[PDB]
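Visitor: Build me a structure from this.
(chains A and B, ligands or ions: 6)
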Number of protein chains: 2
Amino acid sequence: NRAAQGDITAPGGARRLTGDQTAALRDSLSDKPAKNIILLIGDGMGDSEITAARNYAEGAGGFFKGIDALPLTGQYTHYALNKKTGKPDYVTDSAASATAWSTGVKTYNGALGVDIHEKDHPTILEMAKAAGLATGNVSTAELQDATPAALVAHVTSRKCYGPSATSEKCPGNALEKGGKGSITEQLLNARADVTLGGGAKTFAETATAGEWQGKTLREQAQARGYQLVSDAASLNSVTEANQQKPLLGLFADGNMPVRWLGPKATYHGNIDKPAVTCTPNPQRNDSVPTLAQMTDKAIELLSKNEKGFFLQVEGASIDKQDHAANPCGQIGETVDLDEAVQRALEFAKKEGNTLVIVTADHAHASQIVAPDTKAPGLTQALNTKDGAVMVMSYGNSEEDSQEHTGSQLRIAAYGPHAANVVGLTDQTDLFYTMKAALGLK
Amino acid sequence: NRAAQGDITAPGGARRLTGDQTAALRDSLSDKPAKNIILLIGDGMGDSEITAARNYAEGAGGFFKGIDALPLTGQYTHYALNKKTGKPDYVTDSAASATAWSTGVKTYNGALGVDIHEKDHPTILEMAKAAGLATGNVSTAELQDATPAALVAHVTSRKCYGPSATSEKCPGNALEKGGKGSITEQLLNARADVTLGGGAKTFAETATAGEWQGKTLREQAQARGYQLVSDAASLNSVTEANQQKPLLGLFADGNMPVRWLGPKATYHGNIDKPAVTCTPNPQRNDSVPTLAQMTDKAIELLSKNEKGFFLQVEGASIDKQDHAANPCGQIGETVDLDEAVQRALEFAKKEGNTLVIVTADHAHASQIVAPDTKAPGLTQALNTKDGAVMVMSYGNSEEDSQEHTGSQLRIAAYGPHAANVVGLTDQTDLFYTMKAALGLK
Ligand SMILES: [Zn+2]
Ligand SMILES: [Zn+2]
Ligand SMILES: [Zn+2]
Ligand SMILES: [Zn+2]
Ligand SMILES: [Zn+2]
Ligand SMILES: [Zn+2]
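Guide: Numbering: from 1, shown residues only, chains lettered A, B, ... in the order given. Ligands and ions are numbered 1, 2, ... in the order given. Below is the structure:
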């Protein structure tokens, strides 16, 4: 626990520590192998986003019981490459970053599972599976989106969702041109044991070539032995997931719905609008599983493999609501993630051989600023759990989408080999940390 | 060393790690006493600021040999308190934040060494000196400015530089009303062995009461046994500093000039103005010591003391140039600090009983964004060491001054007790960390 000790107005009352950490920390260090790994990604979840969520939901002196509880921490850099020059491109997108931690190679913005030369490289999930480990890939995004796609698809543009877009935009990748296929087709080939998220829509396309031609990708999935679920009760009734019967959960047509609703930040909104309180999203049907519920089932199913498992969990819409300049949506998706993280830590603490990592793909726009701020972008005032006003500012785009930022950001870990996130590292080190911790080749 | 391995375009070439860190970090873990501490603060130096500076000066895959080299890292919270309510104020100023790590108690914005009830609390410097340790206080700001002033002064507003402003803004601290006096008067009473910075201007005022009434604060210093220096050569030639002959250096009227010149960011500056390369500041005379040089003399003089020393070093103008939306200024001052950090680490590695800590008082405005960004605030394109463009954005104030932000930010450390900065901590923990490390009371 790292909440404030007591009365934050008094001496020592805002302390998060109760005693010397040296012994505890020594004891947090083990370089025995990891049997399992859970990687949780908050898309766009930089320190700022963590801090704003913490402040709103738990109070400034509060503590995220998942997010904030990983004891080994550092900062890592997630710059991409300029595709022509090979030089750094200081602000990555989700595809280049996800490619870095999943393959160990930098690449250009938009690219999945390929380097700047457009050459494929195998992913941590593929190398898990090859070693006979169970594999999970979970996200609140449409499953074609960069973050989950990067683990199972090798394509020259992240827009290559299915056959249609792939033919037009990744001709080199398209099945009918002899390539590996669209992101959705490659996802079906990769056959992780557990794949849960949104993105049903693209499954309605029919393949233009290959063994399942003329059939929707949904049909292909059924033809190939996959159990399809599409809501929380059907997911919960699944009793196994393996190579003979892999699980594919499709819980929405595009992105899964956000947990909280609030208004969009506006010009001078912290000055001209009253403070806001977020509310649970009245549009999110109770029958859509949450990210922690997706995470439960995935852990439950994968932990059955005696050899071990690799699991990626993405809180995808932190980023998407940060783009939308929607503090409540943004914060709620961070709360959402913290719940999934608690699940992971609770399994990992009891199992004892599980390395859990929590970070983001890149930083974002949202800034916490003073209540009287007069800023040129979009702002909004929030009433926090402390009963004070926090203002959030989105000040880096005049267009309709607040943009990523280049700042290094937090990475934290618990479990075997967690030492390797500490100090300054690069996103590509995380690939090798994962590879090594599981003893893969 | 945590530079990129090799060819950042190739598998594994952006890695910062050369192998498994578990055993190295184990060996970084000592709970034996610290004999000395050196605390370096980059004012306004958030993770974004570090990143921008590294990107520019060392390249994206580069490594600050000082700043980036401390092996035990975490993230800390620095929210202040509303004076009336006692609730968190999510964006601190430099006075509340420096009060927190220097006394271990939160306070309101603009307060120095006092809590929200205006009650004094002892500082780590005062406590060091009482235990017989040598003490230094160094900064590129005027020495009355919040960050250095917090170690030696107790006032209700940070604006109470000398007798003149203290009588009218901090009437309860004014000497003529029976208070402890202005920041400058209290600074002189506290009598650190070594005190170096700017702020000569205020020493020209005359005291309104007390033993040295009717004399200038400069004459008071002389009369009280202090050796006064005003430039690098005179500073170089000092051979001792102690309670009989304490050292006070005053190297500028107000703030010391910055190291680098470049133009101010402007609206659409990344688009309408060409890329900038920073150059050295023609206004900074060579006779002005640098922060590293100040740090050198300080370390050398203070290390005479057999029992130990406490030293704080502030790269103060990272913040001020962030305020002024001036990337070359901001970056130059971060490079300046990295040098002073190198001095400190070199000294700690050789002496081996010294805890060194590098952090910031709070986060700031500057954001690294994409080259074609169209932002509503102030931007600028810069040519980095990698021969690529980085754009920087200042997007949270339509006034002449860009504003602090509340994100938690990096704290890093090296030496005995440095475990206590790892994970999530509060800025007030840092006080207690320092205190227990030095066995103080
Ligand atoms: Zn992203
Ligand atoms: Zn994503
Ligand atoms: Zn995004
Ligand atoms: Zn400051
Ligand atoms: Zn300062
Ligand atoms: Zn400031």
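
Visitor: check contacts around residue A:136.
Guide: The contact partners of residue A:136, by Cβ atoms under 8 Å, 6 or more residues apart in numbering or on different chains, come to A:192-195, A:298-299, A:301-302, A:309-313. Any C-beta I mention is one placed from the backbone N, CA and C, and that applies to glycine too.

Visitor: And for residue A:57?
Guide: Residue A:57 touches A:331, A:334, A:335, A:384, A:385, counting by Cβ under 8 Å, 6+ apart.

Visitor: So what does residue A:382 look like in phi/psi?
Guide: Main-chain torsions, residue A:382, degrees, to the nearest 10: phi -120, psi 140.

Visitor: Would you agree it is in contact with residue A:275?
Guide: Yes - using Cβ atoms under 8 Å, residue A:382 is in contact with residue A:275, at 6.1 Å.

Visitor: ok, so of the contacts of residue A:57, who is nearest chain B?
Guide: Compare each of the contacts of residue A:57 with chain B using Cβ to the nearest Cβ and the shortest gap goes to residue A:384, at 7.9 Å.

Visitor: Does the closest one touch residue A:54 like I think?
Guide: No - counting by Cβ under 8 Å, residue A:54 is not a contact partner of residue A:384; they are 9.7 Å apart.

Visitor: Settle it for me: which of those two has more neighbours?
Guide: The neighbour count for residue A:384 versus residue A:54, taken as other Cβ atoms under 10 Å in any protein chain shown, is higher for residue A:54 (26 against 23).

Visitor: check contacts around the nearest residue to residue A:154 once chain neighbours are set aside.
Guide: Spatial nearest neighbour of residue A:154, excluding adjacent residues (Cβ to Cβ, 6 or more residues apart in numbering or on different chains): residue A:113 at 3.6 Å. Shown in contact with residue A:113 (Cβ under 8 Å, 6+ apart): A:99, A:102, A:103, A:120, A:121, A:123, A:150, A:153, A:154, A:155.

Visitor: can you pick the most crowded of the contacts of residue A:136?
Guide: Greatest neighbour count in those, by other Cβ under 10 Å, goes to residue A:298: 32 neighbours.

Visitor: which stretches of the stretch 201-350 of chain A form strands?
Guide: All strands of the stretch 201-350 of chain A, identified by DSSP state E, counting those that start in this stretch, fall at A:227-229, A:247-250, A:260-261, A:266-267, A:279-280, A:309-315.

Visitor: So which of those strands is the most surrounded?
Guide: Mean neighbour count (mean count of other Cβ atoms under 10 Å in any protein chain shown) peaks for strand A:309-315 among the strands of the stretch 201-350 of chain A, with a mean of 29.

Visitor: which helices and strands sit right next to it?
Guide: In terms of contacts (3 or more Cβ pairs under 8 Å, 6 or more residues apart in numbering or on different chains; DSSP states H and E), strand A:309-315 is packed against strand A:36-42, helix A:124-130, strand A:134-142, helix A:146-149, helix A:291-302, helix A:327-351.

Visitor: Next, the angle strand A:134-142 makes with that strand.
Guide: If you take axes from the mean of the first three to the mean of the last three Cα atoms, to 10 degrees, strand A:309-315 sits at 10 degrees to strand A:134-142.

Visitor: Tell me who's in contact with the residue lying closest to residue A:48 once chain neighbours are set aside.
Guide: Once flanking residues are discounted, residue A:48 sits nearest to residue B:407: 3.8 Å by Cβ to Cβ, 6+ apart. Taking Cβ under 8 Å, 6+ apart, we find residue B:407 in contact with A:46, A:47, A:48, A:51, A:52, A:367, A:368, B:46, B:47, B:363.

Visitor: ok so, going back, any residues in contact with both of residue A:384 and residue A:54?
Guide: Joint contacts of residue A:384 and residue A:54 (Cβ under 8 Å, 6+ apart) are residue A:60.

Visitor: Quick one: closest of the strands of the stretch 201-350 of chain A to ligand 2.
Guide: Minimum separation from ligand 2 across the strands of the stretch 201-350 of chain A (Cβ to the ion) falls at strand A:309-315, 5.5 Å.

Visitor: can you tell me if the closest one touches ligand 1.
Guide: No - for strand A:309-315, no contact with ligand 1 is found by Cβ under 5 Å from the ion; the gap never falls below 9.2 Å.

Visitor: Which residues are in contact with the residue of the stretch 201-350 of chain A found nearest chain B?
Guide: Closest residue of the stretch 201-350 of chain A to chain B, Cβ to the nearest Cβ: residue A:267 (8.7 Å). For residue A:267, the contact set (Cβ under 8 Å, 6+ apart) comprises A:377, A:378, A:379.

Visitor: Give me the neighbour count for the residue of the stretch 151-300 of chain A found nearest ligand 1.
Guide: Distances between the stretch 151-300 of chain A and ligand 1 by Cβ to the ion are smallest at residue A:158, namely 10.6 Å. By the criterion of other Cβ under 10 Å, residue A:158 has 26 neighbours.

Visitor: What about residue A:15, how many residues nearby?
Guide: Using other Cβ under 10 Å: residue A:15 sits among 24 other residues.

Visitor: Can you tell me the closest non-neighbouring residue to it?
Guide: Counting by Cβ to Cβ, 6+ apart, the residue nearest residue A:15 is residue A:5, at 4.7 Å.

Visitor: To what extent is the one you found buried, counted in neighbours?
Guide: Residue A:5 has 18 neighbours, counted by other Cβ under 10 Å.

Visitor: you'd agree it is in a strand?
Guide: No - the assignment for residue A:5, made by DSSP: H, G, I helix; E, B strand; the rest coil, is coil rather than a strand.

Visitor: Do I have it right that residue A:65 meets residue A:344?
Guide: No - look at residue A:65 against residue A:344 with Cβ under 8 Å: they stay out of range, at 11.7 Å.

Visitor: When those two are compared, which one has more neighbours?
Guide: Taking other Cβ under 10 Å, residue A:65 and residue A:344 do not tie; residue A:344 has more neighbours (29 against 17).

Visitor: So that one sits against residue A:356, correct?
Guide: Yes - using Cβ under 8 Å, residue A:344 is in contact with residue A:356, at 5.0 Å.

Visitor: hey, what's in contact with both of those two?
Guide: What both residue A:344 and residue A:356 touch, as defined by Cβ under 8 Å, 6+ apart, is the set A:38, A:40.

Visitor: Report the contact partners of residue A:152.
Guide: Here residue A:152 is in contact with A:123, A:125, A:126, A:137, A:183, A:186, A:187, A:189, A:190, A:192, A:195 (Cβ under 8 Å, 6+ apart).

Visitor: go again using 10 Å as the cut-off
Guide: A:102, A:112-113, A:123, A:125-126, A:129, A:135, A:137, A:143, A:183-184, A:186-192, A:195 (Cβ atoms under 10 Å, 6 or more residues apart in numbering or on different chains).

Visitor: Ok, residue A:402 next?
Guide: Each residue near residue A:402 by Cβ under 10 Å, 6+ apart is listed here: A:44, A:265, A:319, A:321-326, A:364-366, A:377-378, A:393-396, B:375, B:395.

Visitor: Please apply the same query to residue A:28.
Guide: A:21, A:70-72, A:413-415, A:418-419, B:25, B:419, B:422-423.

Visitor: residue ranges of the helices in chain A, please?
Guide: Counting by DSSP state H, chain A has helices at residues A:22-27, A:47-53, A:94-103, A:124-130, A:146-149, A:163-169, A:183-190, A:217-223, A:232-237, A:269-272, A:291-302, A:317-323, A:327-351, A:427-437.

Visitor: I appreciate the help and will end here.
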